[PDB]
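Everything on this sheet refers to the single structure shown next.
Cβ placement follows ideal geometry from the backbone for every residue including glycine, while neighbour counts extend to all protein chains displayed. Numbers and lists here come from the model and the stated rules, or from a named source; these are not laboratory values.
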Amino acid sequence: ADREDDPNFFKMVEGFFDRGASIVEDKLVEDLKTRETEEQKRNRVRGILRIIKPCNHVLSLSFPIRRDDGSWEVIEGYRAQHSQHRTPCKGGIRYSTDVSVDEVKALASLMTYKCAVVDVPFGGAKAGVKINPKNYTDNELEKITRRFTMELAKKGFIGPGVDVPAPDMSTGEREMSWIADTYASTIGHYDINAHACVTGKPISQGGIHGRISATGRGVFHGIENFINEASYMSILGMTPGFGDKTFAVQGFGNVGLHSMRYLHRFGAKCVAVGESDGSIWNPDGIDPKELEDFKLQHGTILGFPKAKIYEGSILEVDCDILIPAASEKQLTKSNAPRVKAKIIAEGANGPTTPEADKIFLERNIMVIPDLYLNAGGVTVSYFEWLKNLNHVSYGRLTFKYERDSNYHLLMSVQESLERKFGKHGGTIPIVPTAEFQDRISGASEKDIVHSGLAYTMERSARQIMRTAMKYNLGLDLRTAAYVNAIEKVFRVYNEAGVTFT
Amino acid sequence: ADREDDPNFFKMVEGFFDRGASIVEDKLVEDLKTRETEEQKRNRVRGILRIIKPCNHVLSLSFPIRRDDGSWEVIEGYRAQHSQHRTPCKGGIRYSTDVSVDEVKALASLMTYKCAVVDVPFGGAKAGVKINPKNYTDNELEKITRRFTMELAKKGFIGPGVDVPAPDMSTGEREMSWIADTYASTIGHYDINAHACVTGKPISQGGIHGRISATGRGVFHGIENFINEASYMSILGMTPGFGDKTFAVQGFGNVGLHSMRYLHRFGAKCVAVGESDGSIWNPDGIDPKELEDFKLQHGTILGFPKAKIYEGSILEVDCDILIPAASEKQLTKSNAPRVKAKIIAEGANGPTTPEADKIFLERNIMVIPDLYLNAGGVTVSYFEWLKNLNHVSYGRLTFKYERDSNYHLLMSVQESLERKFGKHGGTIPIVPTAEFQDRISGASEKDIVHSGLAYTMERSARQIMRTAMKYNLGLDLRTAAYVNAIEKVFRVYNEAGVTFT
Amino acid sequence: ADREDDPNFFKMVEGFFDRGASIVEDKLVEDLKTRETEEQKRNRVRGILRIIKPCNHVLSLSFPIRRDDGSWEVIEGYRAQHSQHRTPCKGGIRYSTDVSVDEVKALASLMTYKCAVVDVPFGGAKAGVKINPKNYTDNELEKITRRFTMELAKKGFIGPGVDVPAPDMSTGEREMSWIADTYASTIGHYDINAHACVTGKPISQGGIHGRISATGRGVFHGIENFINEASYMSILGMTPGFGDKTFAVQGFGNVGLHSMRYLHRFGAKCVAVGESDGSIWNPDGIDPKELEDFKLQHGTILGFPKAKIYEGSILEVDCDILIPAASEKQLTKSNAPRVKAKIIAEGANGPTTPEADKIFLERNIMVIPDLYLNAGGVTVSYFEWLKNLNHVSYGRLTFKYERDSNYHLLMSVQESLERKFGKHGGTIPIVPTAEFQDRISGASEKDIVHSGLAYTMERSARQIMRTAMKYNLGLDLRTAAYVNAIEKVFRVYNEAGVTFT
Ligand SMILES: NC(=O)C1=CN([C@@H]2O[C@H](COP(=O)(O)OP(=O)(O)OC[C@H]3O[C@@H](n4cnc5c(N)ncnc54)[C@H](O)[C@@H]3O)[C@@H](O)[C@H]2O)C=CC1
Ligand SMILES: NC(=O)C1=CN([C@@H]2O[C@H](COP(=O)(O)OP(=O)(O)OC[C@H]3O[C@@H](n4cnc5c(N)ncnc54)[C@H](O)[C@@H]3O)[C@@H](O)[C@H]2O)C=CC1
Ligand SMILES: NC(=O)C1=CN([C@@H]2O[C@H](COP(=O)(O)OP(=O)(O)OC[C@H]3O[C@@H](n4cnc5c(N)ncnc54)[C@H](O)[C@@H]3O)[C@@H](O)[C@H]2O)C=CC1
Ligand SMILES: NC(=O)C1=CN([C@@H]2O[C@H](COP(=O)(O)OP(=O)(O)OC[C@H]3O[C@@H](n4cnc5c(N)ncnc54)[C@H](O)[C@@H]3O)[C@@H](O)[C@H]2O)C=CC1
Ligand SMILES: NC(=O)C1=CN([C@@H]2O[C@H](COP(=O)(O)OP(=O)(O)OC[C@H]3O[C@@H](n4cnc5c(N)ncnc54)[C@H](O)[C@@H]3O)[C@@H](O)[C@H]2O)C=CC1
Ligand SMILES: NC(=O)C1=CN([C@@H]2O[C@H](COP(=O)(O)OP(=O)(O)OC[C@H]3O[C@@H](n4cnc5c(N)ncnc54)[C@H](O)[C@@H]3O)[C@@H](O)[C@H]2O)C=CC1
Ligand SMILES: Nc1nc2c(ncn2[C@@H]2O[C@H](COP(=O)(O)OP(=O)(O)OP(=O)(O)O)[C@@H](O)[C@H]2O)c(=O)[nH]1
Ligand SMILES: Nc1nc2c(ncn2[C@@H]2O[C@H](COP(=O)(O)OP(=O)(O)OP(=O)(O)O)[C@@H](O)[C@H]2O)c(=O)[nH]1
Ligand SMILES: Nc1nc2c(ncn2[C@@H]2O[C@H](COP(=O)(O)OP(=O)(O)OP(=O)(O)O)[C@@H](O)[C@H]2O)c(=O)[nH]1
Ligand SMILES: N[C@@H](CCC(=O)O)C(=O)O
Ligand SMILES: N[C@@H](CCC(=O)O)C(=O)O
Ligand SMILES: N[C@@H](CCC(=O)O)C(=O)O
């Protein structure tokens, strides 16, 4: 944590909101066309916004466990539900000591708008267990997450139609596998959609393919849709395309390692990798496989053979693209000036504070907002949820049909050409290309996740790019997204009677 | 609020706990008799205590209402569940702007031990809606409490087997009548015990006789069982009995008005009555029926014809018995020295801070602790709960039997005496006394509440007086009660496996 | 039942398991990637296998039915749930006097692996009512199955998210229609997915097209994918293709009649048909839609005009392909030597005992295992289940789109060719082939069942073939399938924490 700029997390995000609030508030009053045409439209709007910003529910949990050494410990744990204009709430579970109600109240709110950015029909939620996960044995962490699932389940803070958790900092597949099992074996025993209570699940437990990457893949597509618009690259003095760029990732978690993998593939070059014990560096480039294989073996990126051990801030490392994939409030009033880089891809949730945005705005540094960029996490989870509901491995019912159907479709173009060019213009093979033989049978689960994600990272980027053009926000993409979010979330409340009254 | 001594409410009550924790800690290790005789007994005790102290659950609510003037307002609202060693949780709903999570986390904990004092089998809960209730119209207050019931019901913070609210500051019958009706008409629709979700209900709604008084009646019984022990009255330099005492009540609510009524009856004089706008005074005595009739008509005690307004603190009024029936943290390090008086009957929840107890201890001033004294509220509610479970007006099935049975019992003593004293002994009428003609048919609902309350304000004062003798606490009755509470609450956790693990 | 080889049914199938257990045990330890790398990877593999083998749950039912003649009779009835690594359990209901807990414990286990073979996400279950169904009137059989549904429903052994029965020996559509109706009208009254509690339902009740055939269709696909692989036909000394083969089916039920129909169509020629009263024979060929018309009219295949009555065991009939579609344990140590045939297509559940496999292995006789071959039953049921969850007749929402879309797609190939070949080159009709006019609108429910089944009988055969090659099992396809099943079922347990603990 910084101190010069360590603003309250929930209020910080409220700040981002209140800015989007004003910028559409005119439009919201404008298409509202009710009888009560006045500034009653405005106060009907300025009331519904006041209903949105604050969280609907927060549950606080002091629950015991008996540690491995026979002793008793009390665990603090929180789950804020921000909005519910879409049931079920969505949002991850975070294991840290930083965990605090305001931090979960903040992340939850982010999930509300984040889902509104990428048109996932979930209300925002989040949750923290206030533990250093390093300091508990795996059996302790199991007994902790299972118990946390119970106490959440009993008070209505996890359920396929109510609230669907997912992984986050220091939680992943394993934790999610437990959360399902408890709910499936206990309270959700008769629930057919029981295993749809939580995403990020291991594939064998009902998870969806590519969800672990997913968030990092979406990070790729988010940087892409912008870095391949010279209209913005003209404003950063950079060339369109990944081919020649250099980047740096703070954090090497599920968002870091996979944001590094998907860029080091589709073009650019990793220069430096951070972690909560220090960074490594190499301008020549760092291979993600080698580094990952070194973090698996030795549990730290430090001491990488093919990269020095950068003294200094990772956020300041000279590069093109800075990807904070760590915790929040990392770029602040004080270090934001020194960031030497040109594109900020917020992988992590709110890693940049509003005072860093004002600097980055001035310094013509493009911050790709947290709302849009890591929405790949929720999007693929949103798929993992529908998979759990449709109870089929996607593609299965149809494969040998849009296959045979296409081979017959092709055989029509063929017979029709032969049937005009005689036994005596030849035989005309109509045959799938190489990059159609791989789609000849249609959508597999692998593919849907990719294209389903690819589509809405692209679509929702233009939805931002219009709005940044429209209201003339330029490189203030953060305000552009919250404008879109505030509008979509409002549409629900407006056409609803707003409350059971 | 004071500012020399305005300690954190939850931590304040934790303070009272930690004191009781140490004093029995030895005994708890003592009767524990496990295989693992050590100071694992002590750490197995000190762990279970660490599980008790902190609340199990807190739910935080920002829910909208439409005010009367068509506008939207967001309402903040909290319900901490302290313990659950007894389901269902019990505890009131408070309407104030003082409402804060720490204040509800504090009161909830008090309800846990309060129920343990008077052997009510409920875990402690409480709840606040953070509104000034006077600033909302009755229609607003209705759709505020109804909505608050919903959001509590949905997240599992109200239910006959889960959590049973009750009235408190600025809530009473009317609110409770709403809380039932929503739950009964909505979520608890099929629940046979639906109307058992909340106590303090109007009699016509399933309430129990004398519940509104109840808390103030129990306040009478509590002062009584002590003021009629010269062993304590020798230590205060005061005479046993109510007949000659004078008393002052801060606050004129459900706890004030009825603590005043039940003492001005069974003996002593009212000298002064406080309220959040000032106090009235009259050493000659103040009649509760006249005052109440003046507060009903004019909505304030100020300007009472037969009592001027008192210049100065109501708590400092010269008198025998000080009854704070207001909000908490009223007697503090700074005004506790000046308190004229000799018996402090804490009607309100925690109206005295731990530093005031230090002074009162020194100054030989007997503070009758909040745990024991206002437990009449929960006790009669506990009856109101059983009534809604037994679905019978108490006494109904038996009246004309323990009636006819007694008249036949009497007719046996008679015939048997005649059957020995022949003719020439006369006829010997055996006839109920006047007081026994009123009980000839047995327990009515009125009576059970009285004696059922009377019993356990007695049986539990005993249990405190035993323990203040035992561990030699003298006039530290507050520590005496927490000693009983901590022991009873522990007795559950110990014989339980402590957690599903 | 045989005498020399009548092994315990559950232990028999355990035998098939334990064989597959050892063969992958090495691999399972191999890809296990834990840092407890020892031969304690082996013992936690050996533990997880020990958890798989035995059934999780068996429910035993003595329930009364009143017969038609006013009298009372008690009905014995069992439902073992083998595994639950996939909810909901799947598996049929069998009406026989052979029914015994061991026999249901056995079939249930088979359903677990059977679903793992063909990647249906269900745990294995089965159920028997211990009645001779011919000895009860249809109104008796109705009140029997309805009552059996209740007692199963109440104890949690039937439910769309819990356990989904289906037909089996002496049960079919009619019984399944009842099972739905009771649970739809009673316990599942509010359940939206109520009618998804049971498959095999009549089409009008929520059933899926072709489910009655389905199992026999899949029997066709199974024999096919092998008999069209000369790599195995070289090993049996037989020619690839159906065109010239002769087969014999023991049993003429849902599995027999439709295994006969789908082969007598797509090539080969029925030689003999068994039933529980004797067989018929005709080397010239037997038409299924004469023999069925004779069984419908006369309730027996015996005395078929165009086929004499056969003089000995149906299993011993000289032919190419032996299809046991009867009860289990039919080919044993004693008659397995004299089976005069080259391909054994286990339609029935476990019709061949492990000692018969030992002979068939030696005698180079290919047994197509029960796991793989009749998995068409569960597969189409698995479709019937998803249909009742998706609440739409498949294909409906899209028909007139992938139709118009294709006609527009074709119109693009056309206009683009015309756009290049001018008025000079003519008009170039692009027109669907005959085959493709029947798919022009896309997947109907009929088609999905076919291709959806066709695919996975074809995707899962070529998971067996490329495990029989891998671990060199040759014509031991039964061990090859259990190797796949044990692996897929393992994977869930491994990545799960394995139990609530
Ligand atoms: N798992 C998922 O699907 C999603 C995660 N996110 C966000 O990504 C961010 C974190 O990524 P995770 O997925 O939880 O992976 P993670 O929890 O495994 O990442 C943390 C790793 O990076 C290091 N690290 C943590 N904080 C650091 C800091 N301030 N400075 C330097 N190094 C630090 C730590 O040593 C740790 O090893 C969060 O903001 C999270 O909300 C959002 C999209 C999806
Ligand atoms: N206990 C449960 O019911 C859980 C829910 N599911 C549901 O399964 C449905 C269908 O797709 P998936 O089964 O996930 O297969 P999948 O093809 O999507 O991939 C899952 C992995 O497990 C393998 N697998 C296939 N059948 C399996 C079986 N019966 N048991 C264990 N592993 C099997 C697959 O070959 C694959 O390697 C999903 O819609 C999901 O909702 C799957 C996991 C656990
Ligand atoms: N209603 C019940 O059955 C139970 C309530 N209590 C406690 O009694 C106390 C309050 O009385 P209630 O009947 O609950 O509600 P109430 O609102 O009817 O009574 C409170 C009275 O005291 C006045 N007041 C509030 N704060 C004051 C302050 N700082 N200074 C001077 N006057 C103030 C208020 O104007 C009001 O007249 C609280 O501690 C409450 O939690 C405890 C036992 C049972
Ligand atoms: N809507 C409601 O009022 C609900 C209340 N209940 C149960 O009602 C039960 C009966 O208690 P009570 O008989 O009221 O106490 P009670 O002790 O006062 O019964 C005798 C007197 O109460 C009056 N009374 C009795 N039943 C009444 C009724 N249904 N409506 C209006 N006045 C009535 C009569 O004037 C009678 O003289 C309670 O025990 C409660 O469990 C449960 C469901 C709904
Ligand atoms: N309907 C389904 O879903 C599928 C059924 N199976 C299995 O196929 C076998 C046949 O059952 P279904 O076709 O389903 O219904 P079914 O009950 O109508 O078929 C039974 C046929 O076999 C005859 N039969 C009984 N015992 C015999 C014996 N010792 N010798 C010769 N014939 C005998 C019966 O009289 C009748 O001809 C069963 O073992 C079943 O487990 C396997 C998977 C799918
Ligand atoms: N009753 C159930 O089983 C529940 C499941 N669903 C699902 O909704 C869909 C129902 O469509 P289907 O009627 O099965 O397909 P469909 O309309 O193509 O007709 C198929 C069969 O249903 C009957 N049928 C034809 N038209 C009908 C009509 N307008 N209304 C009622 N029956 C008609 C005929 O017997 C025909 O053989 C299915 O997917 C079903 O699984 C929906 C609600 C409850
Ligand atoms: N730890 C780690 N995970 C990987 C690595 N490569 C891929 N993954 C993840 O592992 C899963 C299996 O990946 P693949 O079988 O290669 O399939 P894919 O669709 O090509 O996946 P991607 O190339 O990652 O988009 C994917 O969901 C990836 O997210 C790697 O090198 N290390
Ligand atoms: N608010 C209020 N209620 C009263 C008062 N007096 C009586 N009641 C109610 O009417 C019932 C009959 O009163 P009483 O005849 O005096 O008998 P009681 O129950 O011993 O009186 P209390 O305990 O003082 O209420 C009581 O149980 C009370 O519920 C009063 O002065 N004020
Ligand atoms: N019992 C019986 N059912 C038949 C027979 N022929 C057709 N069917 C029914 O028809 C269904 C499917 O038939 P079709 O719609 O004609 O499909 P198809 O491609 O023309 O050929 P099939 O599926 O073999 O009949 C089967 O599931 C049976 O229910 C028959 O000879 N006997
Ligand atoms: N925790 C991730 C993923 C949320 C989810 O997939 O539900 C996020 O906040 O974006
Ligand atoms: N609010 C009162 C009454 C609670 C109840 O009766 O449940 C108290 O805290 O004692
Ligand atoms: N009874 C059949 C069908 C099971 C099902 O479709 O559920 C079998 O065991 O394969």
Kindly check whether there is at least one residue in the range C:458-467 that is under 23 Å from A:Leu409 (Cα atoms) and within 16 Å of ligand 9 (Cβ to nearest atom). no
Pairs please, first residue from the range C:148-165 and not assigned by CATH to the domain that holds C:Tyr95, second anywhere and more than 16 Å from ligand 1 (Cβ to nearest atom) and acidic (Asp, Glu), Cβ atoms under 7 Å, 6+ apart in sequence or on different chains. none
Failed item, numbered, when C:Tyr471 is tested on (1) loosely packed, with under 15 Cβ neighbours inside 10 Å; (2) in a loop (DSSP other than H, G, I, E, B); (3) among the hydroxyl-bearing types (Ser, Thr, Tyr): (1)
Which one is farthest from ligand 12 (Cβ to nearest atom), of the residues in the range B:166-185 that are touching a residue at least 60 places away in the same chain (Cβ under 8 Å) and assigned to a helix (DSSP H, G or I)? B:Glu175
Looking at (1) buried (at least 20 other Cβ atoms within 10 Å of the Cβ); (2) in contact (Cβ under 8 Å) with a residue 24 or more places away in the chain, which is the only condition C:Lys488 fails? (1)
Given the conditions (1) within 23 Å of B:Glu173 (Cβ to Cβ); (2) touching a residue at least 60 places away in the same chain (Cβ under 8 Å); (3) within 12 Å of chain A (Cβ to nearest Cβ), and given that B:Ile48 satisfies all but one, which numbered condition is not satisfied? (1)
Reported set for the range C:188-214 where residues are within 11 Å of ligand 9 (Cβ to nearest atom) and aliphatic (A, V, I, L, M) is C:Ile203, C:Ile208, C:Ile212, C:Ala214
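Looking at the range B:53-158, what strands (runs of 3 or more DSSP E) fall wholly within it and have at least 1 residues that are in contact with a strand residue (DSSP E or B) (Cβ under 6 Å, 6 or more places away or on another chain) and within 11 Å of another protein chain (Cβ to nearest Cβ)?
Filter on the range B:53-158 gives B:57-66, B:72-81.
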Those residues of the range C:416-447 which are more than 15 Å from A:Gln414 (Cα to Cα) and either of a type in the set (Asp, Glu) or buried (at least 18 other Cβ atoms within 10 Å of the Cβ) (or both), in sequence order: C:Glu418, C:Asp438, C:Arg439, C:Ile440, C:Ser441, C:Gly442, C:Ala443, C:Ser444, C:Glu445, C:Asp447
B:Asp31 passes all but one of (1) more than 12 Å from every other protein chain (Cβ to nearest Cβ); (2) more than 18 Å from A:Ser60 (Cα to Cα); (3) touching a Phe, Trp or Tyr at 6+ places or on another chain (Cβ under 8 Å); which number fails? (3)
Go over the candidates A:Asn388, A:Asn406, A:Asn349, A:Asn374 one by one and state the one that is within 14 Å of another protein chain (Cβ to nearest Cβ), of a type in the set (S, T, N, Q) and within 22 Å of the chain's Cα centre (by Cα). A:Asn388
Of residues in the range A:227-238 being touching a helix residue (DSSP H, G or I) at 6+ places or on another chain (Cβ under 7 Å) and under 16 Å from A:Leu361 (Cα atoms), the one farthest from ligand 12 (Cβ to nearest atom): A:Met233
Candidate set from the range B:187-231 (those that are without any contact (Cβ under 8 Å) to a residue 12 or more places away in the chain and within 14 Å of another protein chain (Cβ to nearest Cβ)); member that is nearest to ligand 3 (Cβ to nearest atom): B:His189
The range A:258-290, subset of a type in the set (A, V, I, L, M) and more than 19 Å from A:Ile344 (Cβ to Cβ), residue farthest from ligand 1 (Cβ to nearest atom): A:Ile286
If we scan the range A:310-328, do we find a residue that is polar (S, T, N, Q), in contact with a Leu (Cβ under 7 Å, 6 or more places away or on another chain), more than 30 Å from C:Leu453 (Cβ to Cβ) and more than 16 Å from ligand 3 (Cβ to nearest atom)? no
Flagged in the range B:325-356 as among the charged types (D, E, K, R), under 14 Å from B:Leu475 (Cβ atoms) and either surrounded by 24 or more Cβ atoms within 10 Å (Cβ to Cβ) or within 16 Å of ligand 11 (Cβ to nearest atom) (or both), in numbering order, are B:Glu346
If we keep just the residues of the range C:194-210 that are within 14 Å of ligand 12 (Cβ to nearest atom) and among the β-branched types (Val, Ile, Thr), which is surrounded by the fewest Cβ atoms within 10 Å (Cβ to Cβ)? C:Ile208
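Quick one: count up the residues across the range C:441-458 that are assigned to a loop (DSSP other than H, G, I, E, B) and facing chain A (nearest Cβ under 9 Å). Let's see the steps before the verdict.
Start the filter on the range C:441-458 by keeping residues that are assigned to a loop (DSSP other than H, G, I, E, B), which leaves C:441-444.
So of that shortlist, the ones also facing chain A (nearest Cβ under 9 Å) come out as C:442-443.
Residues meeting the conditions: 2.
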When the residues of the range A:166-186 are filtered to those that are surrounded by fewer than 18 Cβ atoms within 10 Å (Cβ to Cβ) and more than 14 Å from A:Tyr95 (Cα to Cα), which remaining residue is nearest to the other protein chains (Cβ to nearest Cβ)? A:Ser185
Condition check for C:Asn228: assigned by CATH to the domain that holds C:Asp69 and either more than 15 Å from ligand 6 (Cβ to nearest atom) or not acidic (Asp, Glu) (or both): no
In the range C:83-139, the residues that are farther than 20 Å from C:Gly376 by Cβ and of a type in the set (S, T, N, Q): C:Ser83, C:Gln84, C:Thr87, C:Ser96, C:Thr97, C:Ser100, C:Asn132, C:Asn135, C:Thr137, C:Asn139
